[PDB]
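Reminder, nothing fancy here: chain letters follow the sequence lines and each chain counts from 1. All values below come from the heavy atoms of this structure, side chains included, with hydrogens, waters and symmetry mates left out.
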Amino acid sequence: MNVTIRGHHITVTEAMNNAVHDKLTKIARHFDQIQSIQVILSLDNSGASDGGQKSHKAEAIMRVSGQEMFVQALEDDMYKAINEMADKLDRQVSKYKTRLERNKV
Amino acid sequence: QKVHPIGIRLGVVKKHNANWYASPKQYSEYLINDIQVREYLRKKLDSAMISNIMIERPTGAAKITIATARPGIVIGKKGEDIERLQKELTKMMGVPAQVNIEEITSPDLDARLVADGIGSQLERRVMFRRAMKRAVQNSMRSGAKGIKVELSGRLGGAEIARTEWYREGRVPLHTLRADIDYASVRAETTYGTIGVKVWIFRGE
Amino acid sequence: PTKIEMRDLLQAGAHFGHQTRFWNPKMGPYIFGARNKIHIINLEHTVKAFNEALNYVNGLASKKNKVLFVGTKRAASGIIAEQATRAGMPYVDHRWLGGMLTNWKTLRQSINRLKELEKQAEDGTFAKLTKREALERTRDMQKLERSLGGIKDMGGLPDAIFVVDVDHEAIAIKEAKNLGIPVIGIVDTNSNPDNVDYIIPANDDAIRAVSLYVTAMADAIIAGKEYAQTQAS
Amino acid sequence: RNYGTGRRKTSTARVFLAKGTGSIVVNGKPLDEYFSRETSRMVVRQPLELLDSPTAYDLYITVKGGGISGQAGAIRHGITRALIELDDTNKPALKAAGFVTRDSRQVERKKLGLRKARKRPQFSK
RNA sequence: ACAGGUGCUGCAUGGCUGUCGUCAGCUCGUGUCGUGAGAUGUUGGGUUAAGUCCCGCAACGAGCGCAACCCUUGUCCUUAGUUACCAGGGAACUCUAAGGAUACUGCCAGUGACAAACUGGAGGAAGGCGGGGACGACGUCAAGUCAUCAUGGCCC
């Protein structure tokens with residue numbers, strides 16, 4: 001399973017890399033059927049008419065066998081964006097895994 | 001998202017506002033000098049109400065046909081203001097070009113004049129929807145089968161810009177044989193630029 | 001023509017109500033009895049109300065007023081059309097469009113479109129049109145004629161309405177109450193007599209019976225017009 | 001001297017028909033010498049042999065444009081048109097095989113943002 | 001004075017663009033119903049590529065979308081015949097490029113609510129949207145663009 005962590009308009013640091021890798025390996029612990037992960041960390045605006053609050057973005061496009069789920073999170077701080085993105089991705093992994101497991105019965 | 005109403009109708013029910021032929025080497029020079037003429041004359045005749053201008057030209061001289069609703073101010077007293085512009089037109093253009101002025105019988109049916117009037121009011125700080133409704137009313141009573149005017153930007157000075165449009169009548173954009181006049185000008189307000197688009201539909 | 005006879009009303013069968021389970025309890029005064037689970041309308045009452053209705057339509061037609069004949073029932077459409085045309089009166093016989101009278105300013109556009117289509121088919125404009133396009137314009141004309149053929153010459157709201165089967169024409173009754181225009185109606189044992197001024201308790205389901213009431217109304221309006229034409233000279 | 005014009009893809013064959021032996025002259029050369037592909041060889045003789053008269057007419061065919069099977073189809077269509085020009089009762093039997101209907105199929109233009117008329121650039125998921 | 005700035009802000013904007021999506025939708029006027037937000041129309045029976053069409057129906061109508069008008073291709077006709085063509089100098093043919101004809105469920109047989117429509121057949125080059133393209137609704141994503149250009153503010 002691949003893990004790509006790109007950064008648009010921001011310099012991704014070692015701390016950002018760790019803060020994405022630790023959560024990715026946590027989701028990949030419960031789901032072992034993930035093909036690829038691509039996480040883009042962006043700074044999509046300057047908050048010129050709202051004072052931030054959505055200035056940083058963290059998006060995750062993950063590909064599983066037969067499906068592709070994308071999640072995104074806007075936030076003032078990039079670390080909080082990363083955590084919210086990770087939580088959405090974990091919830092979607094759980095949703096897909098339980099649907100697939102309940103399709104057998 | 002929407003094609004230009006005149007551009008998509010150029011060959012079906014409409015006509016270009018330039019009617020000269022040039023060899024591939026001459027096309028660049030003719031078009032560049034033509035665009036320069038248009039820009040200079042549109043900046044010079046800002047005070048007057050001038051609609052589409054047809055810069056058509058034979059070999060040598062040219063015949064520039066300007067359509068307006070203020071012929072007196074354009075021409076001047078006994079042709080004293082048309083000739084002063086004639087000399088400059090020849091001075092920057094090639095062989096002396098004759099400029100003739102045509103009259104717009106119904107200024108409320110020309111999409112350019114309506115758009116520029118809306119823009120002038122907006123620049124003079126007239127309430128935006130007041131201007132929209134005034135223009136729609138005038139044009140829809142002046143015989144137009146349909147009008148649609150669209151304002152875009154910081155309407156009134158709002159931080160968050162928006163688009164407000166007003167339709168009355170048909171204005172069937174997707175029909176090619178519609179004879180839809182269109183204009184898109186800008187009002188330079190103290191809080192930025194407002195985009196003023198006007199569609200006027202008047203038959204087949 | 002101002003009075004109706006009970007003998008031919010009984011012969012037509014205007015006293016046959018519905019079964020004794022669909023009746024409206026507000027029809028108790030007019031119901032004479034129940035014969036084999038069927039309500040019998042009191043001929044005395046229907047004739048007494050019919051005389052007043054005929055007097056009212058005589059007085060209305062003597063003043064060049066318009067009373068609109070409403071009935072879309074399968075046993076009333078053709079008869080309503082015939083007698084309304086005979087009396088020269090507007091009618092609806094196929095379907096009461098919602099808002100016929102409360103939205104008459106919008107029905108004006110459809111009426112005008114129909115009339116200008118009549119003009120274009122009368123002056124022979126089909127020699128300038130195509131084959132199928134003229135056919136579809138003609139089809140549009142006929143479709144509008146079905147809906148609003150009898151009310152094209154109405155020229156305003158009617159001064160009274162004559163409805164057959166109030167229960168069936170409840171929308172027309174509601175509009176009449178909305179606009180205040182009087183409504184005389186034939187109302188059966190199962191129907192609601194409310195919102196109706198000149199109620200005629202009678203059987204509205206038999207074509208033979210409906211013909212009697214509609215012809216009587218037409219004859220009364222005709223007599224009123226004829227009398228109103230006697231003071232010209 | 002019954003002449004017919006046939007067209008296919010891009011070729012346009014002008015064929016002249018005369019009652020004769022069966023000499024077929026495709027653009028100045030015999031049929032078998034001009035057409036090196038047997039598939040394109042059948043198509044020219046298909047209408048003649050359909051109604052059982054291969055060696056009954058001298059054909060003067062001039063093809064222009066098109067490839068090697070488009071030209072054969074154009075020649076077949078032109079021969080069909082000349083045969084129906086010769087006889088109208090030929091058409092009822094020569095129509096059931098679809099030899100008189102012009103084939104309007106043509107190279108679909110390359111559309112923008114596409115590799116070909118229909119082919120789309122790939123994108124991995 | 002200023003000029004200049006490919007300096008910042010596309011989350012202050014205009015203009016232009018992508019995208020859902022050429023998906024069949026999105027609305028409004030008047031009327032009616034509801035204290036009201038709202039509803040109805042726009043739902044239902046069919047039918048269609050299509051809110052396409054018909055029929056019902058408290059709705060009656062309208063607008064933007066759909067379709068058509070546009071380009072090209074497929075058959076034929078007319079004007080014209082060079083630098084094009086070549087059947088016998090020719091004015092036939094191919095071709096070139098302007099104007100037109102044709103196609104409309106027009107006809108037949110059925111099914112279908114006495115309907116819209118559908119199924120098949122003839123003729124025809126083409127049959128039911130003949131093939132392809134242009135045309136991209138209200139809006140969505142604070143989507144892209146201040147580096148095409150213009151532009152408020154900030155800054156050198």
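When heavy atoms are screened at a 4.0 angstrom cut-off, B/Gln1 is found touching base atoms of the nucleic acid. Using a 4.0 Å heavy-atom cutoff across all strands shown, C/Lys131 reaches no nucleic acid atom at all. Nucleic acid contact for D/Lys9: none, since no nucleic acid atom lies under 4.0 Å from a heavy atom of the residue. Across all strands shown, B/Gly153 has heavy atoms under 4.0 Å from sugar-phosphate atoms exclusively, and none from any base. B/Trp199 comes within 4.0 angstrom of no nucleic acid atom, judged by non-hydrogen atoms across all strands. At the heavy-atom level, A/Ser55 lies nowhere under 4.0 Å from the strands shown.
Between E/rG74 and D/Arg7, no contact under 4.0 Å exists linking OP1 or OP2 to a side-chain N or O.
Counting only residues at least two apart or on different chains, the salt bridge (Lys or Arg N to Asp or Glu O under 4.0 Å) pairs with a member in residues 82-104 of chain D are D/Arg8-D/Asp103, D/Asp103-D/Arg105. Identified under the side chain to side chain donor-acceptor pair (under 3.5 Å) test for residues 113-125 of chain D, with sequence neighbours left out: D/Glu108-D/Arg118. Residue pairs satisfying the side chain to side chain donor-acceptor pair (under 3.5 Å) criterion with at least one member in residues 112-125 of chain B, sequence neighbours excluded, are listed as follows: B/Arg112-B/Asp116.
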Set out, line by line, the N/O atom pairs under 3.5 Å between protein and nucleotides 124-130 of chain E.
unit_1, atom_1, unit_2, atom_2, d
E/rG124, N7, D/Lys95, NZ, 3.3

- Nucleotide by nucleotide, 5' to 3', does protein get under 4.0 Å of the base (B), only the sugar-phosphate (S), or neither (-) in nucleotides 79-91 of chain E, counting heavy atoms? ------SSS----
- Using a 4.0 Å cut-off on protein heavy atoms (strictly under), produce a 5'-to-3' string for nucleotides 39-46 of chain E with B for base contact, S for backbone-only sugar-phosphate contact, and - for none. --------
- Per-nucleotide protein contact string for nucleotides 55-71 of chain E, where B marks a base within reach and S marks sugar-phosphate only (heavy atoms under 4.0 Å, - for neither): SSBBSBSSSSSS-BBB-
- What does nucleotides 148-156 of chain E look like as a protein-contact string, B for base, S for sugar-phosphate only, - for none, at under 4.0 angstrom between heavy atoms? --BSS----
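No side-chain donor-acceptor contact under 3.5 Å links B/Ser142 to the backbone of B/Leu109. Using modelled atom types, no side-chain atom of A/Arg6 and backbone atom of A/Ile40 make a donor-acceptor pair closer than 3.5 Å. Although no hydrogens or angles enter the test, the distance criterion places no donor-acceptor pair under 3.5 Å between the side chain of B/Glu204 and the main chain of B/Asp179.
E/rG51 has a negative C1'-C2'-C3'-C4' torsion, placing its sugar in the south range. For E/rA113, the sugar pucker falls south, since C1'-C2'-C3'-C4' comes out negative. Sugar pucker of E/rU82: south, since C1'-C2'-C3'-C4' comes out negative. South puckering is assigned to the sugar ring of E/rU42, since its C1'-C2'-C3'-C4' angle is below zero.
Remark: E/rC11 and E/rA12 are not stacked on each other (six-membered ring centres under 5.5 Å, interplanar angle under 30° not both met). Under a stacking criterion requiring six-membered ring centres under 5.5 Å apart and planes under 30°, the adjacent bases E/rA67 and E/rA68 are classed as stacked.
Checked against salt bridge (charged side-chain N to carboxylate O under 4.0 Å, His left out), A/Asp76 has no partners two or more places apart in sequence or in another chain. For C/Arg113, there are no side-chain hydrogen bond (donor to acceptor under 3.5 Å, both in side chains) partners, not counting sequence neighbours. For C/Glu118, the salt bridge (charged side-chain N to carboxylate O under 4.0 Å, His left out) partners are C/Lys152, not counting sequence neighbours. Under the side-chain hydrogen bond (donor to acceptor under 3.5 Å, both in side chains) criterion, B/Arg202 pairs with B/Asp181, not counting sequence neighbours.
Closest contact between the side chain of D/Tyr3 and the listed nucleotides E/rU94, E/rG10, E/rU30 involves E/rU94.
Glycosidic conformation at E/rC104 (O4'-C1'-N9-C4 for purines, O4'-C1'-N1-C2 for pyrimidines): syn, within 90° of 0. Annotated as anti: E/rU72, whose glycosidic dihedral deviates from 0 by more than 90°.
The separation between A/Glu59 atom CD and E/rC141 atom P is 16 Å, rounded to whole Å. If you take CZ of D/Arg8 and P of E/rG74, they are 13 Å apart, rounded to a whole angstrom. At whole-Å resolution of the value, CG in B/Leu10 and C1' in E/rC135 are 14 Å apart. In this structure, CG of A/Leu74 is placed 12 Å from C1' of E/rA143, rounded to the nearest angstrom.
Taken together, E/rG152 and E/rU102 fail the test for a Watson-Crick or G-U wobble pair, since the two needed distances are not both under 3.5 Å.
If you find the closest nucleotide of RNA chain E to D/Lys111 and to D/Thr5, the one lying nearer the 5' end belongs to D/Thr5.
Between the side chains of C/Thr72 and C/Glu169, at least one donor N or O sits under 3.5 Å from an acceptor N or O.
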